[PDB]
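So this one's data-v3.cif, mmCIF, C-alpha atoms:
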data_protein
loop_
_atom_site.label_atom_id
_atom_site.label_comp_id
_atom_site.auth_asym_id
_atom_site.auth_seq_id
_atom_site.Cartn_x
_atom_site.Cartn_y
_atom_site.Cartn_z
CA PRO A 1 -142.33 -54.33 -19.06
CA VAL A 2 -138.61 -53.88 -19.74
CA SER A 3 -136.47 -56.07 -17.40
CA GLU A 4 -133.70 -54.89 -15.18
CA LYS A 5 -131.35 -56.84 -17.43
CA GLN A 6 -132.52 -54.99 -20.51
CA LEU A 7 -132.39 -51.63 -18.70
CA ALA A 8 -128.79 -52.29 -17.74
CA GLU A 9 -128.00 -52.98 -21.40
CA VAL A 10 -129.69 -49.84 -22.62
CA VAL A 11 -127.84 -47.68 -20.13
CA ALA A 12 -124.44 -49.21 -20.87
CA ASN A 13 -125.02 -49.20 -24.63
CA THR A 14 -125.92 -45.48 -24.48
CA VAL A 15 -123.43 -44.19 -21.94
CA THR A 16 -120.31 -46.04 -23.11
CA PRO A 17 -120.34 -44.54 -26.65
CA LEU A 18 -121.28 -41.13 -25.17
CA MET A 19 -118.32 -41.16 -22.81
CA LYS A 20 -115.94 -42.06 -25.63
CA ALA A 21 -117.24 -39.47 -28.05
CA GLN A 22 -117.32 -36.70 -25.47
CA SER A 23 -114.09 -37.59 -23.66
CA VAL A 24 -115.91 -38.03 -20.35
CA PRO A 25 -113.74 -39.56 -17.59
CA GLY A 26 -116.52 -40.62 -15.23
CA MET A 27 -120.30 -40.82 -15.06
CA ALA A 28 -122.83 -41.84 -12.46
CA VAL A 29 -126.32 -42.63 -13.65
CA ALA A 30 -129.55 -43.36 -11.81
CA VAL A 31 -132.69 -44.51 -13.60
CA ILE A 32 -135.96 -44.34 -11.62
CA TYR A 33 -138.19 -47.18 -12.72
CA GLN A 34 -140.78 -49.43 -11.03
CA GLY A 35 -140.60 -47.42 -7.86
CA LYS A 36 -136.86 -47.54 -7.17
CA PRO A 37 -133.52 -46.21 -8.32
CA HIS A 38 -131.20 -48.26 -10.47
CA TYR A 39 -127.55 -47.20 -10.31
CA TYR A 40 -124.84 -47.44 -12.94
CA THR A 41 -121.31 -46.14 -12.56
CA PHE A 42 -118.61 -45.69 -15.19
CA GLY A 43 -115.04 -44.55 -15.34
CA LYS A 44 -112.96 -42.45 -13.04
CA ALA A 45 -113.71 -39.77 -10.46
CA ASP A 46 -110.00 -38.89 -10.28
CA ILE A 47 -107.79 -39.91 -13.18
CA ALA A 48 -104.37 -39.28 -11.59
CA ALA A 49 -105.35 -41.14 -8.41
CA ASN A 50 -107.18 -43.83 -10.41
CA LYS A 51 -110.28 -43.53 -8.24
CA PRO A 52 -113.42 -45.05 -9.77
CA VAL A 53 -116.83 -43.41 -9.83
CA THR A 54 -119.01 -44.94 -7.12
CA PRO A 55 -122.53 -44.18 -5.87
CA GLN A 56 -120.87 -42.04 -3.19
CA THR A 57 -118.86 -39.86 -5.63
CA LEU A 58 -119.74 -36.18 -5.33
CA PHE A 59 -120.29 -34.21 -8.51
CA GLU A 60 -120.85 -30.49 -9.01
CA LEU A 61 -124.49 -30.03 -10.16
CA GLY A 62 -124.08 -26.55 -11.51
CA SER A 63 -127.38 -25.00 -12.49
CA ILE A 64 -129.40 -28.05 -11.36
CA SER A 65 -128.85 -26.28 -8.04
CA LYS A 66 -131.70 -24.01 -9.12
CA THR A 67 -134.22 -26.85 -8.65
CA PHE A 68 -133.35 -26.88 -4.95
CA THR A 69 -133.80 -23.12 -4.87
CA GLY A 70 -137.15 -23.37 -6.55
CA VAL A 71 -138.47 -26.00 -4.14
CA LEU A 72 -137.12 -24.07 -1.13
CA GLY A 73 -138.95 -20.97 -2.37
CA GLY A 74 -142.03 -23.11 -2.92
CA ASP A 75 -141.78 -24.31 0.66
CA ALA A 76 -141.58 -20.72 1.89
CA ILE A 77 -144.71 -19.83 -0.10
CA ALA A 78 -146.51 -22.80 1.40
CA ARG A 79 -145.52 -21.66 4.88
CA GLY A 80 -146.96 -18.22 4.23
CA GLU A 81 -143.58 -16.53 4.46
CA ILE A 82 -143.56 -15.12 0.93
CA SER A 83 -145.83 -14.76 -2.06
CA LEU A 84 -144.71 -14.83 -5.69
CA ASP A 85 -147.07 -11.89 -6.23
CA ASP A 86 -145.24 -9.74 -3.67
CA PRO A 87 -142.97 -6.99 -4.97
CA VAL A 88 -139.23 -7.69 -4.68
CA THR A 89 -138.97 -4.56 -2.52
CA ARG A 90 -141.12 -6.16 0.17
CA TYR A 91 -138.10 -8.33 0.99
CA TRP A 92 -135.46 -5.66 0.36
CA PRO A 93 -136.67 -2.26 1.41
CA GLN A 94 -133.19 -0.73 0.73
CA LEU A 95 -133.78 -1.41 -3.01
CA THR A 96 -135.34 1.98 -3.61
CA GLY A 97 -134.79 2.47 -7.34
CA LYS A 98 -138.12 2.99 -9.05
CA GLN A 99 -137.38 0.64 -11.93
CA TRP A 100 -138.20 -2.11 -9.40
CA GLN A 101 -141.81 -1.14 -9.07
CA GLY A 102 -143.91 -3.82 -10.66
CA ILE A 103 -141.24 -6.45 -10.48
CA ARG A 104 -142.55 -9.38 -8.48
CA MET A 105 -140.81 -12.19 -6.62
CA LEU A 106 -142.24 -14.34 -9.44
CA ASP A 107 -140.25 -12.39 -12.01
CA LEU A 108 -136.98 -12.97 -10.16
CA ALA A 109 -137.72 -16.63 -9.76
CA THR A 110 -138.58 -17.23 -13.42
CA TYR A 111 -136.19 -14.86 -15.24
CA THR A 112 -138.83 -12.34 -16.36
CA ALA A 113 -137.81 -9.19 -14.45
CA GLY A 114 -136.85 -7.53 -17.73
CA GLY A 115 -133.23 -8.31 -18.61
CA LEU A 116 -131.28 -9.13 -15.44
CA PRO A 117 -128.10 -10.56 -16.83
CA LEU A 118 -126.80 -14.10 -16.80
CA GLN A 119 -124.14 -13.40 -14.23
CA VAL A 120 -123.75 -11.27 -11.15
CA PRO A 121 -120.46 -9.49 -11.94
CA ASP A 122 -117.32 -10.33 -9.99
CA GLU A 123 -117.06 -6.93 -8.26
CA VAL A 124 -120.17 -7.91 -6.29
CA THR A 125 -118.76 -9.34 -3.06
CA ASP A 126 -120.92 -8.04 -0.18
CA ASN A 127 -124.32 -6.58 0.57
CA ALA A 128 -123.28 -3.02 -0.30
CA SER A 129 -122.08 -4.06 -3.77
CA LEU A 130 -125.07 -6.34 -4.32
CA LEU A 131 -127.31 -3.39 -3.58
CA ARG A 132 -125.33 -1.09 -5.88
CA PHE A 133 -125.58 -3.62 -8.73
CA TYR A 134 -129.38 -4.01 -8.49
CA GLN A 135 -129.92 -0.28 -7.87
CA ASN A 136 -127.96 0.59 -11.05
CA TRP A 137 -129.58 -2.05 -13.28
CA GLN A 138 -131.71 -0.61 -16.07
CA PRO A 139 -134.33 -3.04 -17.44
CA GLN A 140 -134.28 -3.64 -21.17
CA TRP A 141 -137.88 -4.86 -21.06
CA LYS A 142 -140.98 -4.32 -18.98
CA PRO A 143 -141.63 -6.99 -16.34
CA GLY A 144 -143.36 -10.16 -17.41
CA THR A 145 -142.53 -9.82 -21.13
CA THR A 146 -139.13 -11.44 -21.80
CA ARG A 147 -137.47 -14.54 -20.31
CA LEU A 148 -133.69 -14.27 -20.06
CA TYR A 149 -132.06 -17.16 -18.13
CA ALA A 150 -130.14 -15.48 -15.33
CA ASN A 151 -128.31 -16.31 -12.15
CA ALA A 152 -128.74 -12.64 -11.20
CA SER A 153 -132.50 -13.26 -11.25
CA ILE A 154 -133.11 -16.56 -9.51
CA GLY A 155 -130.12 -16.06 -7.28
CA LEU A 156 -131.65 -12.95 -5.79
CA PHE A 157 -134.98 -14.76 -5.47
CA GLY A 158 -133.31 -17.43 -3.39
CA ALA A 159 -131.67 -14.90 -1.10
CA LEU A 160 -134.90 -12.95 -0.55
CA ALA A 161 -137.12 -16.01 -0.22
CA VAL A 162 -135.29 -17.17 2.91
CA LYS A 163 -135.26 -13.79 4.65
CA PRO A 164 -138.51 -14.28 6.61
CA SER A 165 -137.13 -17.52 7.97
CA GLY A 166 -134.20 -15.73 9.54
CA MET A 167 -131.76 -18.35 8.20
CA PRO A 168 -129.07 -17.90 5.62
CA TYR A 169 -129.72 -19.75 2.40
CA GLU A 170 -127.48 -22.74 3.06
CA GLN A 171 -128.99 -23.37 6.46
CA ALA A 172 -132.55 -22.84 5.25
CA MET A 173 -131.94 -25.28 2.37
CA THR A 174 -130.38 -27.92 4.55
CA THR A 175 -133.01 -27.65 7.26
CA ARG A 176 -136.13 -27.45 5.15
CA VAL A 177 -135.34 -29.46 2.00
CA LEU A 178 -132.29 -31.68 2.38
CA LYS A 179 -132.68 -33.06 5.87
CA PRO A 180 -136.41 -33.94 5.62
CA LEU A 181 -135.70 -35.84 2.41
CA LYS A 182 -132.69 -37.61 3.94
CA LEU A 183 -130.30 -35.96 1.48
CA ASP A 184 -127.42 -36.21 3.92
CA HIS A 185 -124.56 -36.07 1.35
CA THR A 186 -125.67 -32.94 -0.50
CA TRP A 187 -123.47 -29.91 0.11
CA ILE A 188 -122.66 -26.34 -0.82
CA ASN A 189 -119.00 -26.44 0.31
CA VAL A 190 -117.84 -29.99 0.78
CA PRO A 191 -116.72 -30.67 4.35
CA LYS A 192 -113.01 -31.47 4.65
CA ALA A 193 -114.12 -34.83 5.92
CA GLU A 194 -116.05 -35.70 2.75
CA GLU A 195 -113.27 -34.69 0.44
CA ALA A 196 -112.36 -38.26 -0.32
CA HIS A 197 -115.63 -38.64 -2.20
CA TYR A 198 -115.36 -35.45 -4.26
CA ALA A 199 -114.63 -36.07 -7.93
CA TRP A 200 -112.29 -33.90 -9.90
CA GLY A 201 -113.86 -32.17 -12.92
CA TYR A 202 -111.97 -32.15 -16.20
CA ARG A 203 -111.64 -29.34 -18.71
CA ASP A 204 -109.33 -29.62 -21.73
CA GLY A 205 -107.42 -32.35 -19.90
CA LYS A 206 -106.96 -30.39 -16.66
CA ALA A 207 -108.42 -31.44 -13.35
CA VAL A 208 -110.55 -28.56 -11.99
CA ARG A 209 -113.03 -27.88 -9.20
CA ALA A 210 -115.33 -24.98 -8.43
CA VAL A 211 -114.03 -22.13 -6.27
CA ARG A 212 -115.34 -22.10 -2.66
CA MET A 213 -123.45 -14.08 -2.28
CA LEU A 214 -125.83 -15.68 -4.74
CA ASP A 215 -123.75 -18.59 -6.02
CA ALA A 216 -125.14 -21.35 -3.81
CA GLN A 217 -128.65 -20.60 -5.10
CA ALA A 218 -127.72 -20.59 -8.78
CA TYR A 219 -125.02 -23.21 -9.25
CA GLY A 220 -123.28 -24.25 -6.00
CA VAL A 221 -124.65 -27.66 -4.93
CA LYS A 222 -122.55 -30.84 -4.86
CA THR A 223 -124.10 -34.27 -4.36
CA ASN A 224 -123.79 -37.98 -5.17
CA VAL A 225 -126.05 -40.07 -7.45
CA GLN A 226 -127.97 -41.60 -4.56
CA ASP A 227 -129.08 -38.26 -3.11
CA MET A 228 -129.84 -37.04 -6.62
CA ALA A 229 -131.93 -40.15 -7.36
CA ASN A 230 -133.88 -39.57 -4.18
CA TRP A 231 -134.26 -35.88 -5.09
CA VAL A 232 -135.73 -36.90 -8.43
CA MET A 233 -138.07 -39.38 -6.74
CA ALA A 234 -139.37 -36.74 -4.33
CA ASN A 235 -140.07 -34.33 -7.20
CA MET A 236 -141.62 -37.07 -9.33
CA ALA A 237 -143.92 -38.24 -6.55
CA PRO A 238 -144.53 -35.54 -3.94
CA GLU A 239 -147.57 -37.52 -2.74
CA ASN A 240 -145.00 -39.57 -0.78
CA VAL A 241 -143.44 -36.50 0.89
CA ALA A 242 -144.95 -36.20 4.37
CA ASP A 243 -144.06 -32.61 5.30
CA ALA A 244 -147.03 -30.61 4.14
CA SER A 245 -145.25 -27.43 3.16
CA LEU A 246 -142.42 -29.25 1.42
CA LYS A 247 -144.91 -31.37 -0.57
CA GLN A 248 -146.64 -28.14 -1.63
CA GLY A 249 -143.35 -26.49 -2.45
CA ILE A 250 -142.38 -29.31 -4.78
CA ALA A 251 -145.68 -28.81 -6.62
CA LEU A 252 -145.21 -25.05 -6.78
CA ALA A 253 -141.79 -25.59 -8.40
CA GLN A 254 -143.32 -27.78 -11.13
CA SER A 255 -146.20 -25.39 -11.75
CA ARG A 256 -146.27 -23.57 -15.04
CA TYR A 257 -145.78 -19.81 -14.73
CA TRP A 258 -144.88 -18.87 -18.32
CA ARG A 259 -144.97 -20.44 -21.74
CA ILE A 260 -141.94 -19.86 -24.00
CA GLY A 261 -142.36 -21.61 -27.28
CA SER A 262 -142.60 -25.35 -26.54
CA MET A 263 -141.52 -25.12 -22.91
CA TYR A 264 -142.90 -23.84 -19.66
CA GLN A 265 -141.00 -22.21 -16.84
CA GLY A 266 -141.35 -23.50 -13.29
CA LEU A 267 -139.31 -22.51 -10.21
CA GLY A 268 -135.93 -23.88 -11.31
CA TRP A 269 -137.52 -26.79 -13.11
CA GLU A 270 -138.53 -26.43 -16.73
CA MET A 271 -141.28 -28.48 -18.42
CA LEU A 272 -142.53 -29.60 -21.80
CA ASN A 273 -145.88 -31.33 -22.33
CA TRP A 274 -145.55 -35.13 -22.68
CA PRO A 275 -145.48 -36.73 -25.21
CA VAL A 276 -142.62 -34.72 -26.69
CA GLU A 277 -140.28 -35.79 -29.42
CA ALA A 278 -136.53 -35.82 -28.89
CA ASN A 279 -135.75 -33.08 -31.41
CA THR A 280 -137.98 -30.59 -29.58
CA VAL A 281 -136.15 -31.11 -26.32
CA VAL A 282 -132.66 -31.44 -27.86
CA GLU A 283 -133.04 -28.29 -29.99
CA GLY A 284 -134.23 -26.29 -26.99
CA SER A 285 -131.12 -27.28 -25.06
CA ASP A 286 -128.71 -25.57 -27.41
CA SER A 287 -127.15 -22.56 -25.68
CA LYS A 288 -128.06 -20.26 -28.63
CA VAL A 289 -131.69 -20.91 -27.65
CA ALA A 290 -131.44 -21.56 -23.91
CA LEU A 291 -129.63 -18.29 -23.18
CA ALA A 292 -131.63 -16.10 -25.62
CA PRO A 293 -134.08 -13.43 -24.53
CA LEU A 294 -137.46 -14.74 -25.63
CA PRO A 295 -141.04 -13.50 -25.27
CA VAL A 296 -143.28 -15.07 -22.72
CA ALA A 297 -146.95 -15.84 -22.36
CA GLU A 298 -148.20 -15.59 -18.80
CA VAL A 299 -149.94 -18.56 -17.20
CA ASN A 300 -152.21 -16.72 -14.82
CA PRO A 301 -153.13 -18.22 -12.44
CA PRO A 302 -150.16 -20.57 -12.58
CA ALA A 303 -151.02 -24.06 -13.76
CA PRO A 304 -150.43 -26.74 -11.10
CA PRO A 305 -148.19 -29.65 -12.01
CA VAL A 306 -149.22 -31.52 -15.12
CA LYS A 307 -148.43 -35.19 -14.74
CA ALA A 308 -147.96 -35.59 -18.51
CA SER A 309 -144.81 -33.48 -18.52
CA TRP A 310 -141.12 -33.90 -19.39
CA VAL A 311 -139.61 -32.15 -16.32
CA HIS A 312 -135.90 -31.43 -16.59
CA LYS A 313 -132.88 -29.29 -15.91
CA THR A 314 -129.34 -29.11 -17.27
CA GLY A 315 -126.44 -28.06 -15.12
CA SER A 316 -122.73 -27.48 -15.58
CA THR A 317 -119.63 -26.05 -14.01
CA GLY A 318 -116.15 -25.61 -15.46
CA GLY A 319 -115.45 -29.29 -14.92
CA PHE A 320 -118.84 -31.03 -14.70
CA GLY A 321 -121.90 -31.63 -16.77
CA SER A 322 -125.12 -33.10 -15.49
CA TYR A 323 -128.71 -33.59 -16.51
CA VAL A 324 -131.94 -34.70 -14.86
CA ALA A 325 -135.29 -35.48 -16.43
CA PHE A 326 -138.48 -37.25 -15.34
CA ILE A 327 -142.02 -37.92 -16.50
CA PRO A 328 -144.51 -38.09 -13.62
CA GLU A 329 -147.25 -39.74 -15.67
CA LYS A 330 -144.95 -42.69 -16.31
CA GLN A 331 -143.07 -42.64 -13.01
CA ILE A 332 -139.73 -42.83 -14.77
CA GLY A 333 -136.74 -40.50 -14.55
CA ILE A 334 -133.01 -40.25 -14.98
CA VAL A 335 -129.95 -38.59 -13.42
CA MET A 336 -126.71 -38.34 -15.38
CA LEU A 337 -123.72 -36.88 -13.52
CA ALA A 338 -120.41 -36.43 -15.31
CA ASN A 339 -117.00 -34.91 -14.53
CA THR A 340 -116.67 -33.10 -17.81
CA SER A 341 -118.98 -30.43 -19.27
CA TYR A 342 -120.04 -31.93 -22.63
CA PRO A 343 -122.73 -30.38 -24.86
CA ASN A 344 -126.23 -30.13 -23.46
CA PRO A 345 -127.89 -31.56 -26.62
CA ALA A 346 -125.87 -34.75 -26.16
CA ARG A 347 -127.04 -35.08 -22.57
CA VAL A 348 -130.68 -34.70 -23.58
CA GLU A 349 -130.32 -37.11 -26.53
CA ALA A 350 -128.87 -39.83 -24.27
CA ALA A 351 -131.38 -39.31 -21.49
CA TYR A 352 -134.28 -39.30 -23.94
CA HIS A 353 -133.06 -42.51 -25.53
CA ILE A 354 -132.84 -44.29 -22.20
CA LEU A 355 -136.26 -43.15 -21.00
CA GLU A 356 -137.81 -43.95 -24.38
CA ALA A 357 -136.78 -47.54 -23.81
CA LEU A 358 -138.99 -47.61 -20.77
CA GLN A 359 -142.19 -45.98 -21.88
#

Rendering of file as structure tokens:
Amino acid sequence: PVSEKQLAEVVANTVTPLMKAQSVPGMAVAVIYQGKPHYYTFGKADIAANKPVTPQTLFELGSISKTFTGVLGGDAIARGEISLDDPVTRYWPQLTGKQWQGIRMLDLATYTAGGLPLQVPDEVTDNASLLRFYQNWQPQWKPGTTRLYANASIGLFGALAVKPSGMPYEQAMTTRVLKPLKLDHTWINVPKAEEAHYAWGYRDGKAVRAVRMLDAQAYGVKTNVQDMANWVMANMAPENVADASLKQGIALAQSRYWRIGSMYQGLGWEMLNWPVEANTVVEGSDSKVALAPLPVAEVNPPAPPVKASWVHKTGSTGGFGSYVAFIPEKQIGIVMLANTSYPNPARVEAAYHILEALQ
């Protein structure tokens, strides 16, 4: 039964050395423990303007955005709007190239379509060029054999998953995920009016922010630590989410679809069985591993959420680096938002150390 006093010490004693070693200007942290969020803020949101990080500071989540995509897609499945076992072409009949036969919505969502690349290339700017890109793509692997982390994969999933709803992605996300969960300061483009809360990111000493398609779905969300804490709590404990499809969608996103070594792929979320040692998680976070094409083992039918899991996701942009992790069995979790992109293994190491203090 670690006290709030002790928890505050552990967080400060971990984060302060981390910020110094990694040259991080500002960090917002939330620890979920004993049924509530505990908030800790450090440093500066804007160095030149000498603005401190507060619980209202907005950070760029980068690829943690994909957890919102996964849950939104889960919600759509629970509504009966889509099935992961449907072919991609069900939702895009203009995608007539025969290499798409046998590629399921599941494969887009979980990076197993057979080599869709990390990025959608910059000449893709409209539906005609999106179509040309996917029509021209030649798979390196058969479907369901190789996991290659890819915005071009889950991004397209997110676009197609919302088609039945008739809403564009941002509206579908806001209406079906953010608003029901009272995530009222979570944005794709930050309204002019909220600009005062937006941190600057920092890269090699320069203040930077993300530029204003499939980007929202893969890396475009901005939020503060309060909304992110409440996001983690909803995913940790969907039993407390009242909306029946949303509750189911959260579970579908934490279901295991594939095993890749020591991890399992969900919809956005990734999982390891708990207990897990720090080196397992830290070593898996290295880009040389995380971005590699690796063989998969199907989990068929998908395994529903396992409470004894380390559930996590890293996310970065040019100027920001964030991490979230939680353990449903223990009802503990953490959010670490920062306005510099520092190495993923260091994020995991710090997060693991803090949560270890609580178990």

Go ahead and fit an axis-aligned box to every listed atom of segment 237-242 of chain A plus 5 Å each side, and pass me the centre and edge lengths in Å, one decimal, as lines of an AutoDock Vina configuration file.
center_x = -145.5
center_y = -37.6
center_z = -1.1
size_x = 14.1
size_y = 14.0
size_z = 20.9

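Using all atoms listed in the file, the protein and nucleic acid residues lying no more than 9 Å from residue 100 of chain A, apart from those fewer than 2 places from it along its own chain, are residues 87, 88, 89, 95, 96, 97, 98, 102, 103, 104, 113, 135 and 139 of chain A.
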
Q | Protein/DNA/RNA residues near (-130.6, -44.3, -6.8), cut 8 Å, only C-alpha atoms, as number ranges by chain | A | A: 30-32, 36-39, 225-230

Q.
Selection in question (the file shown): the PyMOL selection byres ((chain A and resi 267) around 9). Which residues does it include, as a ChimeraX atom specification?
A. /A:66-67,69-71,73-74,106,109-110,154,252-257,265-266,268-270

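The residue that comes closest to residue 345 of chain A, out of A:61, A:107, A:22, A:196 and on the basis of only C-alpha atoms, is A:22.
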
Q: Let me know the residues the PyMOL selection byres ((chain A and resi 156) around 12) catches in the file above, as number ranges by chain.
A: A: 66, 69-70, 73, 88-89, 91-92, 104-111, 113, 116-117, 119-120, 127, 130-131, 133-134, 150-155, 157-163, 169, 213-218

Deliver the residues from the most recent selection as a file, using C-alpha atoms, as a short mmCIF file (atom, residue, chain, number, x, y, z; two decimals), keeping the file's coordinate frame.
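Output file result-v5.cif follows:
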data_model
loop_
_atom_site.label_atom_id
_atom_site.label_comp_id
_atom_site.auth_asym_id
_atom_site.auth_seq_id
_atom_site.Cartn_x
_atom_site.Cartn_y
_atom_site.Cartn_z
CA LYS A 66 -131.70 -24.01 -9.12
CA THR A 69 -133.80 -23.12 -4.87
CA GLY A 70 -137.15 -23.37 -6.55
CA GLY A 73 -138.95 -20.97 -2.37
CA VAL A 88 -139.23 -7.69 -4.68
CA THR A 89 -138.97 -4.56 -2.52
CA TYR A 91 -138.10 -8.33 0.99
CA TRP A 92 -135.46 -5.66 0.36
CA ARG A 104 -142.55 -9.38 -8.48
CA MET A 105 -140.81 -12.19 -6.62
CA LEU A 106 -142.24 -14.34 -9.44
CA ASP A 107 -140.25 -12.39 -12.01
CA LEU A 108 -136.98 -12.97 -10.16
CA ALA A 109 -137.72 -16.63 -9.76
CA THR A 110 -138.58 -17.23 -13.42
CA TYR A 111 -136.19 -14.86 -15.24
CA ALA A 113 -137.81 -9.19 -14.45
CA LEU A 116 -131.28 -9.13 -15.44
CA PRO A 117 -128.10 -10.56 -16.83
CA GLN A 119 -124.14 -13.40 -14.23
CA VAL A 120 -123.75 -11.27 -11.15
CA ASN A 127 -124.32 -6.58 0.57
CA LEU A 130 -125.07 -6.34 -4.32
CA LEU A 131 -127.31 -3.39 -3.58
CA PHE A 133 -125.58 -3.62 -8.73
CA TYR A 134 -129.38 -4.01 -8.49
CA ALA A 150 -130.14 -15.48 -15.33
CA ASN A 151 -128.31 -16.31 -12.15
CA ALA A 152 -128.74 -12.64 -11.20
CA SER A 153 -132.50 -13.26 -11.25
CA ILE A 154 -133.11 -16.56 -9.51
CA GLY A 155 -130.12 -16.06 -7.28
CA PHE A 157 -134.98 -14.76 -5.47
CA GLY A 158 -133.31 -17.43 -3.39
CA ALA A 159 -131.67 -14.90 -1.10
CA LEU A 160 -134.90 -12.95 -0.55
CA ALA A 161 -137.12 -16.01 -0.22
CA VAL A 162 -135.29 -17.17 2.91
CA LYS A 163 -135.26 -13.79 4.65
CA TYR A 169 -129.72 -19.75 2.40
CA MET A 213 -123.45 -14.08 -2.28
CA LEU A 214 -125.83 -15.68 -4.74
CA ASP A 215 -123.75 -18.59 -6.02
CA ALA A 216 -125.14 -21.35 -3.81
CA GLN A 217 -128.65 -20.60 -5.10
CA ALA A 218 -127.72 -20.59 -8.78
#

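Between atom CA of residue 9 of chain A and atom CA of residue 324 of chain A the interatomic distance comes to 19.8 Å.
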
Q: Fewer than 5 positions away in the same chain doesn't count, so skip those; otherwise give me all residues within 12 Å of residue 259 of chain A, counting only C-alpha atoms, as an MDAnalysis selection string.
A: chainID A and resid 110 112 144:147 264:266 270:273 294:300 302:303

For the residues in the current selection, export C-alpha atoms as a tab-separated table (two decimals), in the coordinates of the input.
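out34.tsv written:
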chain	number	residue	atom	x	y	z
A	110	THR	CA	-138.58	-17.23	-13.42
A	112	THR	CA	-138.83	-12.34	-16.36
A	144	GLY	CA	-143.36	-10.16	-17.41
A	145	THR	CA	-142.53	-9.82	-21.13
A	146	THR	CA	-139.13	-11.44	-21.80
A	147	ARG	CA	-137.47	-14.54	-20.31
A	264	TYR	CA	-142.90	-23.84	-19.66
A	265	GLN	CA	-141.00	-22.21	-16.84
A	266	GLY	CA	-141.35	-23.50	-13.29
A	270	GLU	CA	-138.53	-26.43	-16.73
A	271	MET	CA	-141.28	-28.48	-18.42
A	272	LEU	CA	-142.53	-29.60	-21.80
A	273	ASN	CA	-145.88	-31.33	-22.33
A	294	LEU	CA	-137.46	-14.74	-25.63
A	295	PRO	CA	-141.04	-13.50	-25.27
A	296	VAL	CA	-143.28	-15.07	-22.72
A	297	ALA	CA	-146.95	-15.84	-22.36
A	298	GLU	CA	-148.20	-15.59	-18.80
A	299	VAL	CA	-149.94	-18.56	-17.20
A	300	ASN	CA	-152.21	-16.72	-14.82
A	302	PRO	CA	-150.16	-20.57	-12.58
A	303	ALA	CA	-151.02	-24.06	-13.76

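Of the listed residues A:1, A:142, A:339, A:292, the one whose atoms come nearest to residue 26 of chain A is A:339, with distances taken using all atoms listed in the file.
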
(Q) Show me the residues around (-139.9, -49.0, -20.0) - criterion: an atom at most 8 Å away, all atoms listed in the file counted - as a PyMOL selection string. (A) chain A and resi 1-2+33+355-359

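For the choices A:194, A:99, A:76, A:223, the atom-to-atom distance to residue 166 of chain A is smallest for A:76 when using all atoms listed in the file.
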
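Selection result for the displayed file, with the PyMOL selection byres ((chain A and resi 45) around 9) as criterion, is residues 25, 26, 27, 43, 44, 46, 47, 49, 50, 51, 52, 53, 54, 57, 58, 59, 197, 198, 199, 200, 201, 338 and 339 of chain A.
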
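Closest approach to residue 287 of chain A from the set A:180, A:148, A:40, A:191 is made by A:148, with distances taken over only C-alpha atoms.
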
If you count only C-alpha atoms, which residues fall within 8 Å of residue 245 of chain A, apart from same-chain ones fewer than 3 positions away, as a compact mmCIF listing (two decimals) with C-alpha atoms, in the coordinates of the input?
# COMPACT_ATOMS: atom_id res chain seq x y z
CA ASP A 75 -141.78 -24.31 0.66
CA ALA A 76 -141.58 -20.72 1.89
CA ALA A 78 -146.51 -22.80 1.40
CA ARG A 79 -145.52 -21.66 4.88
CA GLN A 248 -146.64 -28.14 -1.63
CA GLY A 249 -143.35 -26.49 -2.45

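The smallest atom-to-atom distance between residue 186 of chain A and any of A:341, A:136, A:56, A:322, using only C-alpha atoms, is found for A:56.
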
Q: Figure out the distance between atom CA of residue 128 of chain A and atom CA of residue 90 of chain A, please, to one decimal in Å.
A: 18.1 Å

**Q.** Among listed residues A:347, A:289, A:224, A:60, nearest residue 209 of chain A (using all atoms listed in the file)
**A.** A:60

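Taking atom CA of residue 72 of chain A and atom CA of residue 176 of chain A as the two end points, the separation is 7.2 Å.
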
Q. Do you know which residues are at most 12 Å from residue 16 of chain A counting all atoms listed in the file, after dropping those on the same chain fewer than 2 positions away, and could you put them as a VMD selection string?
A. chain A and resid 8 to 14 18 to 29 40 to 43 350

Could you extract segment 281-285 of chain A of the given structure into a file holding N, CA, C and O atoms, as a PDB file, in the first residue's frame?
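Result written to part-v8.pdb:
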ATOM      1  N   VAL A 281      10.281  -5.609 -22.254  1.00  0.00           N
ATOM      2  CA  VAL A 281       9.523  -4.497 -22.788  1.00  0.00           C
ATOM      3  C   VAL A 281      10.444  -3.449 -23.399  1.00  0.00           C
ATOM      4  O   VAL A 281      10.221  -2.866 -24.475  1.00  0.00           O
ATOM      5  N   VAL A 282      11.529  -3.134 -22.727  1.00  0.00           N
ATOM      6  CA  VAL A 282      12.481  -2.092 -23.134  1.00  0.00           C
ATOM      7  C   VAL A 282      13.114  -2.520 -24.453  1.00  0.00           C
ATOM      8  O   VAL A 282      13.180  -1.702 -25.393  1.00  0.00           O
ATOM      9  N   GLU A 283      13.541  -3.776 -24.548  1.00  0.00           N
ATOM     10  CA  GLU A 283      14.238  -4.240 -25.760  1.00  0.00           C
ATOM     11  C   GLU A 283      13.290  -4.257 -26.958  1.00  0.00           C
ATOM     12  O   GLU A 283      13.687  -3.971 -28.101  1.00  0.00           O
ATOM     13  N   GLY A 284      12.009  -4.533 -26.722  1.00  0.00           N
ATOM     14  CA  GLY A 284      11.043  -4.524 -27.798  1.00  0.00           C
ATOM     15  C   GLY A 284      10.719  -3.138 -28.324  1.00  0.00           C
ATOM     16  O   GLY A 284      10.146  -3.031 -29.400  1.00  0.00           O
ATOM     17  N   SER A 285      11.072  -2.110 -27.569  1.00  0.00           N
ATOM     18  CA  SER A 285      10.738  -0.739 -27.893  1.00  0.00           C
ATOM     19  C   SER A 285      11.756  -0.067 -28.803  1.00  0.00           C
ATOM     20  O   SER A 285      11.493   0.959 -29.396  1.00  0.00           O
TER      21      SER A 285
END
